[PDB]
Every structure is written in C-alpha cells, then in structure tokens.
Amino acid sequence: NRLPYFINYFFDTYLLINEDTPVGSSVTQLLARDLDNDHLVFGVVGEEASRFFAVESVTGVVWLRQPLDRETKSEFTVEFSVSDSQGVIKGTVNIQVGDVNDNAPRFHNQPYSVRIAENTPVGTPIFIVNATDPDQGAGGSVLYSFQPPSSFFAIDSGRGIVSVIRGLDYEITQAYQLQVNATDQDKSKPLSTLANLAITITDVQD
C-alpha cells in the first residue's frame, strides 16, 4: 500500500493571505496524490493553526476562522494532514499575511504648543512633529503638510520641522492655530490625520 503526498506550491515556498480577507473565506484548496487512488480525507494539525484555519474534510478547501492582521503577526507556519485510511501524512506550510493600508498616520504627544518672540529670525526651526505608520511601503511612510497652508510657517515634508518663513509681529497677530496634516504615500486609496499646533507669540520692544 503506497502512502499519499501533497503537491501544492505552498509546501516548498509560502502561501500569501491578504489581511483584508473576511472570515469564512476560502484561502486555498489542498491537493494530494495517492498512487493507489484512495479517497483521501484532509485535516488541520496543531492548536495555533486550528484557531485560524478550518479544512473541509473531503475537498481539501482551507478557510479562515479568526480574522488576520500583519500589524499583530506578519508570518507563521501551519501543518496540514491527509489520510490514506491507514496512515496520516502532514506537511509544513509557511503562511504570510499580505499587507493593506488600513492604518492612518498616528500622532504622538498632540495637541502641540510652542511659545516664540515676534523677533524670532526667519528660518529658525521652532518645533518638530512626529506621526508613525505601521503599514507596509508607501502605506507606512509619512509626509507632513499644513492644512490650510500657512504664509508665516513652513514644515519639512520629510522630517516634520516647523520653521519661520515670514517675519512675525505681536501687534498684528498674538497667536497662530495651525493643523499639521500627516499623510501616507499609498497612491491608490491614501489615508491622512490632523494634529493641532498652537503657536503663542511673545511681545518685545519696537
């Protein structure tokens, strides 16, 4: 009696599952060959595997039980089983959760407040802002801008540096309530968030 064996590509390489996959969704179908043409029955082995993947006994279709996330867990290995009526064969399948852009940039220590004198020289960096993004590639890289734009302050798109660009005057304007806007470079469906930045201006002699 000749034992059964798997054939699918994802026993040598890896199986990709995009993290947006609704639960109850089929992820693949396990395919095996018995040389003696036995009606094979498939299963899922382990408890790590079994709380993620349910396997249709006969068809070898594999579907998703608990939802996926790459922010939590990027990759993990799972072991599947196929029966010969007398003997179980199992094989190691490296899963890899495929990323999507489901995280808008997240600020740290907002709101923001700065205090500078009217005489602050033009080009003086006065604050630095930081927004993180955990996503993959352009989903997880940030670009800072003002919103609306400002005439008196700029912000470095790369490093999030708030510099002075037009000279200030206390007798004209004693405060400036700006909104820093952080955005990710995912060209198809991008995300963006806002932080308040309240620059108070201090009087001097003129």
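Numbering starts at 1 and runs along the sequence shown.
Here 146-154 and 32-40 are compared by their mean Cα B-factor, and 32-40 comes out higher.
The mean Cα B-factor in the deposited entry runs higher for 71-79 than for the other of 71-79 and 102-110. Residues shown: 61, 175, 49, 168. Highest C-alpha temperature factor in the entry: 49. Across 196, 183, 21, 188, the entry's maximum B-factor at the CA atom is seen for 188. Per the PDB record, residue ranking by Cα B-factor puts residue 8 in the middle third of the chain. When the modelled residues of the chain are ordered by their C-alpha B factor, residue 135 lands in the middle third. For residue 117, the recorded CA B-factor ranks within the lowest third of the chain. Only modelled residues enter the ranking. The PDB entry assigns residue 141 a C-alpha temperature factor belonging to the highest third of its chain's modelled residues. When the CA B factors of the chain's modelled residues are split into thirds, the value for residue 123 lands in the middle one.
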